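Report on the following structure.
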Amino acid sequence: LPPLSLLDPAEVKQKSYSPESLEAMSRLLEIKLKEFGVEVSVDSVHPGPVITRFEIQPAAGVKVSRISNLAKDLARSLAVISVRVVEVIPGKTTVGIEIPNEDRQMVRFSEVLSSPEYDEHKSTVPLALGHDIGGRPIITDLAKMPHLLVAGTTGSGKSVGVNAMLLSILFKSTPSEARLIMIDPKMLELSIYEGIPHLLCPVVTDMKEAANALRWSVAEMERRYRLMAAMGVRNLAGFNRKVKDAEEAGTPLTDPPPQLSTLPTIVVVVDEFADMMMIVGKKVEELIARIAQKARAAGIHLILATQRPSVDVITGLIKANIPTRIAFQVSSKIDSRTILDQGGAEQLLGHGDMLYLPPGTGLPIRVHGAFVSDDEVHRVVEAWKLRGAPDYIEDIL
Amino acid sequence: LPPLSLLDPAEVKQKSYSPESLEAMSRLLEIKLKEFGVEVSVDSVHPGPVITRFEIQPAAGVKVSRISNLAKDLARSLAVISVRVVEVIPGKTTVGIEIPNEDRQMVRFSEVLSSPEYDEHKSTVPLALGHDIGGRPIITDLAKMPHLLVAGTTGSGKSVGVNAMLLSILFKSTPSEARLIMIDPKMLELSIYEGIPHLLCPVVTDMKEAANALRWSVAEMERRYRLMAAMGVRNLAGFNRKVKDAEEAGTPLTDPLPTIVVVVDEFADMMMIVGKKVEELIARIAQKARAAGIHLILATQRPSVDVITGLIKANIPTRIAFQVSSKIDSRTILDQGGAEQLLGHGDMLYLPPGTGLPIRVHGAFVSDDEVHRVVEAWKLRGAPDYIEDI
Amino acid sequence: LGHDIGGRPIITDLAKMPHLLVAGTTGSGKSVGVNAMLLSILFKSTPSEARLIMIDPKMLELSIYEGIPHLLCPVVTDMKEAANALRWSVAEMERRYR
Amino acid sequence: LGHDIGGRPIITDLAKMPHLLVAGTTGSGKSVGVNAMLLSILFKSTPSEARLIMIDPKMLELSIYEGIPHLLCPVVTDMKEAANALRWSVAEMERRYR
DNA sequence: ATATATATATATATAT
DNA sequence: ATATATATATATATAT
Ligand SMILES: Nc1ncnc2c1ncn2[C@@H]1O[C@H](COP(=O)(O)OP(=O)(O)O)[C@@H](O)[C@H]1O
Ligand SMILES: Nc1ncnc2c1ncn2[C@@H]1O[C@H](COP(=O)(O)OP(=O)(O)O)[C@@H](O)[C@H]1O
Ligand SMILES: Nc1ncnc2c1ncn2[C@@H]1O[C@H](COP(=O)(O)OP(=O)(O)O)[C@@H](O)[C@H]1O
Ligand SMILES: Nc1ncnc2c1ncn2[C@@H]1O[C@H](COP(=O)(O)OP(=O)(O)O)[C@@H](O)[C@H]1O
């Protein structure tokens, strides 16, 4: 396992505004809202990486619609670019004005790995995404996720997000914990990971070979179901406890008479499945739901990314089988509601700053990404290709 | 002889943030509504399990839409999550507003079983689910429901509700009274129910054998269904009542019998994989089996078009679901608007056969260890009964 | 049918409906009302004047009428069975007009 | 493109934008703007550096470019050859990816 | 300001 | 498998 040292360090940026730069801002906000029909008091300020909150508490009889209908004029009042309005803080009575900083601050990925939350996260599939609105890192478990969608326009950063999630996978698990299968119809960027001791097939060329490896994923799911129905327990990690935590004393624990190894995690990462669903038809569309309907205890998790998120490629046949979604900067509230049912993803800044709904419900989370360089990736790839070997399960195609 | 104290007792009830100072919450609500353009009077609080309904009496002249257009800012004012308004109470003149206290008291299943009418229940196959909006015991009866359909939500307890219903079956029968049979392509969440003496079938793992199981299902159906017309009643409740009054008349008629439930779930894989013969059989073990004792609960993950066609949707009277896509799924099974207002992970929308409005139920969790204790307690008194026509 | 809002009896003639559509969302009574009209047919009739044919989707309740001397066929269950009865009615109407 | 309102040409790159929609009602400047974009391309790029593919659904404007050394195809007046050009473009895109 | 009728735009049911 | 229509949702100028 290679260390954290190959990334760029946590630099120093003094662009974090002065307390006067927020205080005069806050008094100017109170003056400008007092010039309209509303009346409000700034209760707290939270600075941020790019956008910046304002905990404001309206006095009495001041409905939030009288802020959300002043929004654009308030934005031109403070001479900033635009303002989204927080409808509710969870647990706290105040509404929030989100104002983006002009000099936005890029968040390096080693800053995301710098938390004690990452390295002392008990799971084997962390998904380090980046610092939130307030600046705290939010890293969530893929095993409890259980699946992800990624959508955004061209250039909006989906390659960077997928590289961030994959390097989140790489730094924590051994080869015998979490294998992965990569599929890329846009045959250009995800070939960079070829050579690691984690990656089952070679990183594929066409869907013509990759659909058969996805049927192999189906058969691996059936192997997993047969062996967990036989040996008794339900979760994958429950069974992987059950094997070694029975064979403290040395035994292979023969099973339905071959041996028993550990039970690794499988992660299907797909670059652009819109191409695959278009150029095949509905067979692969059936395969995706057939995976994602029987997966959470199977230890096969699905990462998808597209470019058009419309219902031509993501039907209701998938839409209830992948709860957790991420959308990057998109072009329409149509597509916004389509892959983020709350809607609001058309107001993104670009270059990361995605929406995210947790494994709760109905409440999107705006968390910035991590600008991961390709050379950081190349260092990590060299560090794995020295610390390992070309391990493969062939005849997967 | 089934035991009832086999599982864990009522440990705590969490006190719901106060037993007394929610009067302060009520006064704060009064002040917050007077801050807007209504004047209101608050009567006594119903401190429910998770949510909490308030007796709220508006003054004269005001309409209820001035509460409905004001609910969200009432909610952000009152330091709570998400409230809504019930615009009618049958009886008195008040207006209901329900508020979700966040400390969700996890519903102790043996406390649901400790209900007096659960012990005093007439039929032999009841369905206990838990507490209501006010928190009442909600023991229903699938001898009267008598078909049930479950939708799919990955994190709500679709498995937990099935095991709750099955333990509800188990603690109120004798082996010569209840029979069950399962079909599940996910052979994972349910196969702990092998070794049950209440069975009348081996636990069906495959699907061609499930197509052999539904054949014996309709065969037994039409067998007893024309035998019932031979014995001259109309419904199978009448059939079992009269064969009870015949066997406990002491006469050995034997002219050529217990209940039978079909706890098939994940039925989408049958209706997608093996073919159309599944739904062609399910349509006629669906509608006609109503007064036939075969009650046929069902559960899938994504009910829209192929998974449920209308000739299986319509026959089942009474339905149950969890939080699903904000699309046609929101009312395909649920019959109302329940897209994401159902919280999931504890609550559910019940429909009785009459009064087609969704009664919302606080469900009760069941540990898999509780399931294993019940499986082992029936495994002690565990003489099986398999049949091999399948 | 019953009484109106004044409580005066409201009885209609089926020969001048000429047909009838019944609604109800498992609400007030949808089985009742059909049963009511059918028993009201039966109390002023003879089988040489009015014989009925029912089609039963859910064989629940009106599989109770079997045995009466005005019922031209037994209970009908399948819709594919019921299409034969509907085409029988069309053919009977056609020879009726002939 | 030409000037903005504050007296400066705003010359935007096509290699980053990276595609383009142009629309408007008749006579508002459509074919003139297309000509401006084309002559903007032509005064820097040799046929080594760039080369055009042109499709005319109307044989009125983009017919003058017939015979410049910056064409991969003749000016597509026809309709089926336009589909052929799009097939070729997808094929050239995929082989350049490989 | 705010509920109403209208025009536009999307997702699904279905004929070939 | 593909093209077509209706139902449903959604944004918009208006009389209240
Ligand atoms: N967090 C970020 N901060 C700044 N720029 C970013 C960030 N994430 C992505 N980008 C920019 O987005 C571009 C990548 O977009 P890309 O994923 O290639 O879109 P597509 O794959 O659809 O073409 C990169 O050039 C990168 O500079
Ligand atoms: N009353 C409850 N309290 C706590 N958790 C619950 C309760 N009811 C259900 N759950 C949760 O529901 C989950 C079960 O989901 P499940 O029915 O297995 O979905 P699926 O079958 O689609 O995987 C469990 O993880 C459990 O934590
Ligand atoms: N006037 C009445 N007073 C009291 N109960 C009635 C009255 N009319 C009908 N009902 C009851 O209401 C029930 C409504 O049933 P119904 O909606 O017809 O069931 P279904 O929709 O399955 O036919 C009837 O079964 C009947 O017993
Ligand atoms: N910058 C300009 N100055 C003056 N006239 C112009 C200018 N741009 C366009 N026009 C007029 O508009 C016409 C181009 O419109 P065109 O592209 O033909 O629209 P369409 O093709 O829809 O008819 C030209 O013939 C010219 O007369």
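Residues are named by chain letter and number: chains run A, B, ... in the order of the structure tokens, numbers start at 1 in each chain, and ligands are numbered from 1 in the order shown.
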
**OP:** Around ligand 2, at most 9 Å away and counting only C-alpha atoms (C1' of nucleotides) and all ligand atoms, which residues are there? Put them as a ChimeraX atom specification, please.
**Re:** /A:293-297,321 /B:104-109,152-162,189,266,300-301,344-347,362-367

For the selection you just gave me, I'd like the residues written to a file as a short mmCIF file (atom, residue, chain, number, x, y, z; two decimals), in the first residue's frame, keeping N, CA, C and O atoms.
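Saved as out_26.cif:
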```cif
data_model
loop_
_atom_site.label_atom_id
_atom_site.label_comp_id
_atom_site.auth_asym_id
_atom_site.auth_seq_id
_atom_site.Cartn_x
_atom_site.Cartn_y
_atom_site.Cartn_z
N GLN A 293 -30.68 -4.81 -8.84
CA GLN A 293 -31.81 -5.26 -8.04
C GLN A 293 -31.40 -6.29 -6.99
O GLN A 293 -32.10 -6.46 -6.00
N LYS A 294 -30.24 -6.93 -7.16
CA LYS A 294 -29.79 -8.02 -6.30
C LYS A 294 -28.34 -7.82 -5.89
O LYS A 294 -27.52 -8.73 -5.96
N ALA A 295 -28.00 -6.62 -5.42
CA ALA A 295 -26.59 -6.24 -5.34
C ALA A 295 -26.07 -5.89 -3.96
O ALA A 295 -24.88 -6.10 -3.72
N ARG A 296 -26.90 -5.33 -3.07
CA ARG A 296 -26.39 -4.69 -1.85
C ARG A 296 -25.73 -5.69 -0.91
O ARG A 296 -24.73 -5.37 -0.26
N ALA A 297 -26.25 -6.90 -0.84
CA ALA A 297 -25.57 -7.95 -0.10
C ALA A 297 -24.64 -8.75 -0.98
O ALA A 297 -23.87 -9.57 -0.46
N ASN A 321 -33.56 1.42 -8.75
CA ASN A 321 -32.53 0.49 -8.30
C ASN A 321 -31.20 1.16 -8.01
O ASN A 321 -30.27 0.48 -7.56
N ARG B 104 -36.82 9.13 16.98
CA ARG B 104 -37.68 8.04 16.56
C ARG B 104 -37.58 6.87 17.52
O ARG B 104 -36.59 6.14 17.51
N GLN B 105 -38.60 6.71 18.37
CA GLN B 105 -38.70 5.53 19.22
C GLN B 105 -38.84 4.28 18.36
O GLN B 105 -39.86 4.10 17.69
N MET B 106 -37.82 3.43 18.36
CA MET B 106 -37.86 2.22 17.56
C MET B 106 -38.87 1.25 18.14
O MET B 106 -38.85 0.94 19.33
N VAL B 107 -39.77 0.78 17.28
CA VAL B 107 -41.02 0.17 17.72
C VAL B 107 -40.75 -1.26 18.17
O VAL B 107 -40.43 -2.13 17.36
N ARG B 108 -40.92 -1.50 19.47
CA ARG B 108 -40.67 -2.80 20.07
C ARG B 108 -41.75 -3.77 19.63
O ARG B 108 -42.93 -3.54 19.88
N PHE B 109 -41.33 -4.86 18.98
CA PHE B 109 -42.29 -5.72 18.31
C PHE B 109 -43.14 -6.50 19.30
O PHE B 109 -44.34 -6.72 19.06
N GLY B 152 -41.30 -1.86 -3.50
CA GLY B 152 -39.90 -2.04 -3.16
C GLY B 152 -39.13 -0.79 -2.81
O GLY B 152 -39.09 0.18 -3.58
N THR B 153 -38.51 -0.81 -1.64
CA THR B 153 -37.60 0.24 -1.19
C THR B 153 -36.43 -0.41 -0.47
O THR B 153 -36.62 -1.15 0.49
N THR B 154 -35.22 -0.10 -0.94
CA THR B 154 -34.02 -0.78 -0.48
C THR B 154 -33.71 -0.54 1.00
O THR B 154 -33.08 -1.39 1.63
N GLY B 155 -34.16 0.57 1.57
CA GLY B 155 -33.80 0.89 2.93
C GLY B 155 -34.98 1.21 3.83
O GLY B 155 -34.90 2.09 4.68
N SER B 156 -36.09 0.50 3.64
CA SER B 156 -37.29 0.73 4.44
C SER B 156 -37.71 -0.47 5.26
O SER B 156 -38.46 -0.30 6.23
N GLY B 157 -37.28 -1.67 4.90
CA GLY B 157 -37.70 -2.84 5.62
C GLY B 157 -38.79 -3.61 4.90
O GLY B 157 -39.73 -4.10 5.52
N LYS B 158 -38.66 -3.67 3.58
CA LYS B 158 -39.45 -4.61 2.79
C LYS B 158 -39.22 -6.03 3.26
O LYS B 158 -40.17 -6.82 3.36
N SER B 159 -37.98 -6.37 3.59
CA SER B 159 -37.71 -7.65 4.24
C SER B 159 -38.25 -7.66 5.66
O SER B 159 -38.81 -8.67 6.11
N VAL B 160 -38.12 -6.54 6.37
CA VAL B 160 -38.51 -6.48 7.78
C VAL B 160 -40.02 -6.58 7.91
O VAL B 160 -40.54 -7.24 8.81
N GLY B 161 -40.76 -5.96 6.98
CA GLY B 161 -42.21 -6.07 7.01
C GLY B 161 -42.70 -7.47 6.69
O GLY B 161 -43.67 -7.94 7.28
N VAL B 162 -42.01 -8.16 5.78
CA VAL B 162 -42.34 -9.55 5.48
C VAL B 162 -42.10 -10.42 6.69
O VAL B 162 -42.96 -11.23 7.06
N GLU B 189 -33.01 -13.61 1.78
CA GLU B 189 -33.64 -12.86 2.86
C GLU B 189 -34.70 -13.66 3.59
O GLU B 189 -35.27 -13.16 4.56
N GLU B 266 -40.20 -11.08 -4.52
CA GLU B 266 -39.34 -10.82 -5.69
C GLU B 266 -39.90 -11.46 -6.95
O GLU B 266 -39.20 -12.11 -7.72
N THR B 300 -42.16 -6.94 -4.61
CA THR B 300 -41.16 -6.73 -5.65
C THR B 300 -40.22 -5.60 -5.27
O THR B 300 -40.22 -5.13 -4.14
N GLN B 301 -39.42 -5.16 -6.23
CA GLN B 301 -38.58 -3.99 -6.05
C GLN B 301 -39.05 -2.79 -6.85
O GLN B 301 -39.06 -1.68 -6.31
N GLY B 344 -39.89 6.36 4.87
CA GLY B 344 -39.12 5.14 4.77
C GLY B 344 -38.47 4.80 6.09
O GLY B 344 -38.45 5.60 7.04
N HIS B 345 -37.95 3.57 6.16
CA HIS B 345 -37.15 3.07 7.29
C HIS B 345 -37.96 3.12 8.59
O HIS B 345 -37.51 3.64 9.61
N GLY B 346 -39.18 2.60 8.52
CA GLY B 346 -40.04 2.56 9.69
C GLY B 346 -41.52 2.81 9.46
O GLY B 346 -42.34 2.27 10.20
N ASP B 347 -41.88 3.61 8.47
CA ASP B 347 -43.28 3.90 8.21
C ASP B 347 -43.72 3.33 6.87
O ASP B 347 -42.91 2.91 6.04
N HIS B 362 -46.83 3.26 11.75
CA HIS B 362 -45.48 3.07 12.26
C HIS B 362 -45.22 1.58 12.38
O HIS B 362 -45.77 0.92 13.27
N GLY B 363 -44.40 1.04 11.48
CA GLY B 363 -44.08 -0.37 11.50
C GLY B 363 -43.19 -0.73 12.67
O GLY B 363 -42.58 0.12 13.32
N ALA B 364 -43.11 -2.02 12.94
CA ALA B 364 -42.29 -2.54 14.03
C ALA B 364 -41.15 -3.36 13.44
O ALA B 364 -41.38 -4.19 12.56
N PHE B 365 -39.94 -3.13 13.92
CA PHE B 365 -38.83 -3.89 13.39
C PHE B 365 -38.84 -5.29 13.98
O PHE B 365 -39.42 -5.53 15.04
N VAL B 366 -38.21 -6.21 13.27
CA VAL B 366 -37.98 -7.56 13.76
C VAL B 366 -36.53 -7.90 13.50
O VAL B 366 -36.07 -7.86 12.35
N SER B 367 -35.79 -8.21 14.56
CA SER B 367 -34.42 -8.66 14.40
C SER B 367 -34.40 -10.02 13.72
O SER B 367 -35.30 -10.84 13.89
#
```

Original post:
Quick one: residues within 9 Å of ligand 4, with only C-alpha atoms (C1' of nucleotides) and all ligand atoms, as a ChimeraX atom specification?
Top reply: /D:23-34,61

Keeping only N, CA, C and O atoms, write those residues as a tab-separated table (two decimals), in the first residue's frame.
```tsv
chain	number	residue	atom	x	y	z
D	23	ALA	N	-29.17	30.61	-34.38
D	23	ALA	CA	-30.54	30.63	-34.85
D	23	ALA	C	-31.10	32.04	-34.87
D	23	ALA	O	-30.58	32.94	-34.20
D	24	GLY	N	-32.17	32.22	-35.63
D	24	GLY	CA	-32.84	33.49	-35.72
D	24	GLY	C	-33.85	33.50	-36.84
D	24	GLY	O	-33.85	32.60	-37.67
D	25	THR	N	-34.72	34.51	-36.88
D	25	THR	CA	-35.67	34.61	-37.97
D	25	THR	C	-34.98	35.13	-39.22
D	25	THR	O	-33.79	35.44	-39.22
D	26	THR	N	-35.76	35.25	-40.29
D	26	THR	CA	-35.21	35.45	-41.62
D	26	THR	C	-34.62	36.84	-41.77
D	26	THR	O	-35.13	37.82	-41.21
D	27	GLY	N	-33.51	36.92	-42.49
D	27	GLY	CA	-32.85	38.18	-42.75
D	27	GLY	C	-32.15	38.79	-41.56
D	27	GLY	O	-31.69	39.94	-41.66
D	28	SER	N	-32.05	38.08	-40.44
D	28	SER	CA	-31.47	38.66	-39.24
D	28	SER	C	-29.96	38.53	-39.20
D	28	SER	O	-29.33	39.09	-38.29
D	29	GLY	N	-29.35	37.83	-40.15
D	29	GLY	CA	-27.91	37.80	-40.23
D	29	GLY	C	-27.29	36.42	-40.19
D	29	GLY	O	-26.11	36.27	-39.86
D	30	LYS	N	-28.07	35.41	-40.57
D	30	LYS	CA	-27.68	34.03	-40.32
D	30	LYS	C	-26.55	33.58	-41.23
D	30	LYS	O	-25.47	33.21	-40.76
D	31	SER	N	-26.78	33.62	-42.54
D	31	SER	CA	-25.76	33.18	-43.48
D	31	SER	C	-24.57	34.12	-43.47
D	31	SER	O	-23.44	33.69	-43.72
D	32	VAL	N	-24.79	35.40	-43.15
D	32	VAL	CA	-23.70	36.35	-43.02
D	32	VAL	C	-22.81	35.98	-41.84
D	32	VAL	O	-21.58	36.03	-41.93
D	33	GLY	N	-23.42	35.57	-40.72
D	33	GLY	CA	-22.63	35.14	-39.58
D	33	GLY	C	-21.87	33.85	-39.85
D	33	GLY	O	-20.73	33.68	-39.39
D	34	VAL	N	-22.47	32.95	-40.62
D	34	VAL	CA	-21.76	31.73	-41.02
D	34	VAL	C	-20.58	32.08	-41.91
D	34	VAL	O	-19.49	31.52	-41.75
D	61	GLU	N	-26.27	29.69	-50.28
D	61	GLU	CA	-25.17	30.43	-49.67
D	61	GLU	C	-23.83	29.72	-49.76
D	61	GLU	O	-22.90	30.23	-50.37
```

**OP:** Least-squares fit chain D onto chain C by Cα, in order, and just send back the RMSD.
**Re:**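 So the superposition leaves a C-alpha RMSD of 0.9 Å.
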
Original post:
What is the atom CA of residue B:81-atom CA of residue B:99 distance in Å, reported with one decimal?
Top reply: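 Calculated distance between atom CA of residue B:81 and atom CA of residue B:99 is 8.2 Å.
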
Contacts from chain B to chain C, 7 Å maximum, only C-alpha atoms: show me the residue list as a PDB file with N, CA, C and O atoms, in the first residue's frame.
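Below is the file out.pdb, written as the result:
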```pdb
ATOM      1  N   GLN B 287     -57.520 -13.333  -8.637  1.00  0.00           N
ATOM      2  CA  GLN B 287     -58.865 -12.828  -8.420  1.00  0.00           C
ATOM      3  C   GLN B 287     -59.759 -13.901  -7.835  1.00  0.00           C
ATOM      4  O   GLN B 287     -60.500 -13.653  -6.879  1.00  0.00           O
ATOM      5  N   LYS B 288     -59.686 -15.106  -8.386  1.00  0.00           N
ATOM      6  CA  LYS B 288     -60.615 -16.144  -7.988  1.00  0.00           C
ATOM      7  C   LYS B 288     -60.244 -16.772  -6.658  1.00  0.00           C
ATOM      8  O   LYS B 288     -61.100 -17.388  -6.019  1.00  0.00           O
ATOM      9  N   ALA B 291     -62.030 -15.766  -2.155  1.00  0.00           N
ATOM     10  CA  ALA B 291     -62.798 -16.594  -1.236  1.00  0.00           C
ATOM     11  C   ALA B 291     -62.348 -18.042  -1.313  1.00  0.00           C
ATOM     12  O   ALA B 291     -63.153 -18.967  -1.363  1.00  0.00           O
ATOM     13  N   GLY B 354     -62.311  -1.086   2.793  1.00  0.00           N
ATOM     14  CA  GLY B 354     -63.139   0.097   2.725  1.00  0.00           C
ATOM     15  C   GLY B 354     -62.355   1.342   3.071  1.00  0.00           C
ATOM     16  O   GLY B 354     -61.254   1.242   3.606  1.00  0.00           O
ATOM     17  N   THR B 355     -62.951   2.493   2.743  1.00  0.00           N
ATOM     18  CA  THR B 355     -62.428   3.829   3.046  1.00  0.00           C
ATOM     19  C   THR B 355     -61.026   4.005   2.450  1.00  0.00           C
ATOM     20  O   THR B 355     -60.008   4.022   3.145  1.00  0.00           O
TER      21      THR B 355
END
```

Original post:
Given a cut-off of 7 Å, what residues near ligand 1 show up using only C-alpha atoms (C1' of nucleotides) and all ligand atoms, put as number ranges by chain?
Top reply: A: 106-107, 152-161, 307, 351-352, 368-371

Take the residues that were just selected and, keeping N, CA and C atoms, output them as a PDB file, in the first residue's frame.
```
ATOM      1  N   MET A 106      -9.460  26.404  -5.355  1.00  0.00           N
ATOM      2  CA  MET A 106      -9.366  25.003  -5.733  1.00  0.00           C
ATOM      3  C   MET A 106      -9.007  24.147  -4.527  1.00  0.00           C
ATOM      4  N   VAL A 107      -9.693  23.017  -4.385  1.00  0.00           N
ATOM      5  CA  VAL A 107      -9.501  22.116  -3.258  1.00  0.00           C
ATOM      6  C   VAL A 107      -8.672  20.931  -3.724  1.00  0.00           C
ATOM      7  N   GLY A 152     -23.401  14.965 -16.075  1.00  0.00           N
ATOM      8  CA  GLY A 152     -22.956  16.331 -16.251  1.00  0.00           C
ATOM      9  C   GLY A 152     -22.692  16.579 -17.710  1.00  0.00           C
ATOM     10  N   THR A 153     -22.417  17.837 -18.027  1.00  0.00           N
ATOM     11  CA  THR A 153     -22.126  18.133 -19.416  1.00  0.00           C
ATOM     12  C   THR A 153     -20.691  17.769 -19.742  1.00  0.00           C
ATOM     13  N   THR A 154     -20.358  17.916 -21.018  1.00  0.00           N
ATOM     14  CA  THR A 154     -18.982  17.773 -21.451  1.00  0.00           C
ATOM     15  C   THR A 154     -18.138  18.874 -20.830  1.00  0.00           C
ATOM     16  N   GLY A 155     -16.944  18.504 -20.379  1.00  0.00           N
ATOM     17  CA  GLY A 155     -16.080  19.433 -19.697  1.00  0.00           C
ATOM     18  C   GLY A 155     -16.401  19.660 -18.240  1.00  0.00           C
ATOM     19  N   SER A 156     -17.579  19.255 -17.775  1.00  0.00           N
ATOM     20  CA  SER A 156     -18.005  19.563 -16.420  1.00  0.00           C
ATOM     21  C   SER A 156     -17.303  18.733 -15.356  1.00  0.00           C
ATOM     22  N   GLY A 157     -16.436  17.802 -15.722  1.00  0.00           N
ATOM     23  CA  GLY A 157     -15.484  17.237 -14.796  1.00  0.00           C
ATOM     24  C   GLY A 157     -15.684  15.800 -14.373  1.00  0.00           C
ATOM     25  N   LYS A 158     -16.444  15.010 -15.132  1.00  0.00           N
ATOM     26  CA  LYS A 158     -16.797  13.664 -14.697  1.00  0.00           C
ATOM     27  C   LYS A 158     -15.604  12.729 -14.700  1.00  0.00           C
ATOM     28  N   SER A 159     -14.649  12.958 -15.603  1.00  0.00           N
ATOM     29  CA  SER A 159     -13.396  12.219 -15.565  1.00  0.00           C
ATOM     30  C   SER A 159     -12.668  12.466 -14.259  1.00  0.00           C
ATOM     31  N   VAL A 160     -12.693  13.713 -13.793  1.00  0.00           N
ATOM     32  CA  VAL A 160     -12.002  14.069 -12.568  1.00  0.00           C
ATOM     33  C   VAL A 160     -12.708  13.459 -11.369  1.00  0.00           C
ATOM     34  N   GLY A 161     -14.038  13.420 -11.404  1.00  0.00           N
ATOM     35  CA  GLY A 161     -14.771  12.806 -10.311  1.00  0.00           C
ATOM     36  C   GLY A 161     -14.567  11.306 -10.239  1.00  0.00           C
ATOM     37  N   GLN A 307     -23.489  11.172 -20.259  1.00  0.00           N
ATOM     38  CA  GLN A 307     -23.471  12.581 -20.624  1.00  0.00           C
ATOM     39  C   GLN A 307     -24.859  13.159 -20.821  1.00  0.00           C
ATOM     40  N   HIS A 351     -16.972  22.989 -13.020  1.00  0.00           N
ATOM     41  CA  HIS A 351     -15.723  22.451 -12.478  1.00  0.00           C
ATOM     42  C   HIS A 351     -15.928  21.830 -11.097  1.00  0.00           C
ATOM     43  N   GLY A 352     -16.685  20.745 -11.073  1.00  0.00           N
ATOM     44  CA  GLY A 352     -17.033  20.152  -9.804  1.00  0.00           C
ATOM     45  C   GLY A 352     -18.210  20.896  -9.230  1.00  0.00           C
ATOM     46  N   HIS A 368     -18.023  20.292  -3.050  1.00  0.00           N
ATOM     47  CA  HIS A 368     -17.070  20.492  -4.124  1.00  0.00           C
ATOM     48  C   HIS A 368     -16.224  19.250  -4.333  1.00  0.00           C
ATOM     49  N   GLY A 369     -15.711  19.106  -5.546  1.00  0.00           N
ATOM     50  CA  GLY A 369     -14.855  17.993  -5.876  1.00  0.00           C
ATOM     51  C   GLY A 369     -13.426  18.249  -5.456  1.00  0.00           C
ATOM     52  N   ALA A 370     -12.540  17.409  -5.973  1.00  0.00           N
ATOM     53  CA  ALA A 370     -11.109  17.571  -5.771  1.00  0.00           C
ATOM     54  C   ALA A 370     -10.426  17.517  -7.125  1.00  0.00           C
ATOM     55  N   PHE A 371      -9.755  18.600  -7.491  1.00  0.00           N
ATOM     56  CA  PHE A 371      -9.070  18.687  -8.773  1.00  0.00           C
ATOM     57  C   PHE A 371      -7.864  17.766  -8.735  1.00  0.00           C
TER      58      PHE A 371
END
```

Subject >> strand (DSSP E or B) per DSSP on the backbone: members of stretch 245-385 of chain A, as a list in words >> reply: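 Those in stretch 245-385 of chain A that DSSP calls strand (DSSP E or B) are residues 265, 266, 267, 268, 269, 270, 300, 301, 302, 303, 304, 305, 325, 326, 327, 354, 355, 356, 365, 366 and 367 of chain A.
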
Original post:
Which residue gives the smallest distance to ligand 3 among C:36, C:11, C:42, C:85, with only C-alpha atoms and all ligand atoms counted?
Top reply: C:36

Check every residue of chain A for an atom within 10 Å of chain E, counting only C-alpha atoms (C1' of nucleotides), and provide those that qualify as a PDB file with N, CA and C atoms, in the first residue's frame.
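For reference, out09.pdb as written:
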```pdb
ATOM      1  N   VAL A 311     -34.328  10.327 -19.882  1.00  0.00           N
ATOM      2  CA  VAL A 311     -35.046   9.082 -19.644  1.00  0.00           C
ATOM      3  C   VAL A 311     -34.980   8.177 -20.866  1.00  0.00           C
ATOM      4  N   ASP A 312     -34.362   8.661 -21.943  1.00  0.00           N
ATOM      5  CA  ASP A 312     -34.058   7.791 -23.065  1.00  0.00           C
ATOM      6  C   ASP A 312     -33.009   6.754 -22.698  1.00  0.00           C
ATOM      7  N   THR A 315     -34.127   4.893 -17.616  1.00  0.00           N
ATOM      8  CA  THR A 315     -35.558   4.734 -17.482  1.00  0.00           C
ATOM      9  C   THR A 315     -35.909   4.470 -16.027  1.00  0.00           C
ATOM     10  N   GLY A 316     -37.198   4.248 -15.771  1.00  0.00           N
ATOM     11  CA  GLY A 316     -37.624   3.823 -14.453  1.00  0.00           C
ATOM     12  C   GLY A 316     -37.230   2.403 -14.125  1.00  0.00           C
ATOM     13  N   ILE A 334     -34.940  20.280 -16.557  1.00  0.00           N
ATOM     14  CA  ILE A 334     -35.451  19.001 -17.039  1.00  0.00           C
ATOM     15  C   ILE A 334     -34.517  17.872 -16.623  1.00  0.00           C
TER      16      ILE A 334
END
```

Original post:
Which one is closest to residue B:312: B:361, B:294, B:236, B:149? Count only C-alpha atoms.
Top reply: B:149

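Comparing C:12, C:89, C:35, C:46 by their smallest distance to ligand 3, the closest is C:35 (using only C-alpha atoms and all ligand atoms).
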
Original post:
Excluding same-chain residues fewer than 6 positions from stretch 119-136 of chain B, what lies within 7 Å of it counting only C-alpha atoms (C1' of nucleotides), as a ChimeraX atom specification?
Top reply: /B:46,48-49,51,112,142-143,165,168-169,172-173,360-364
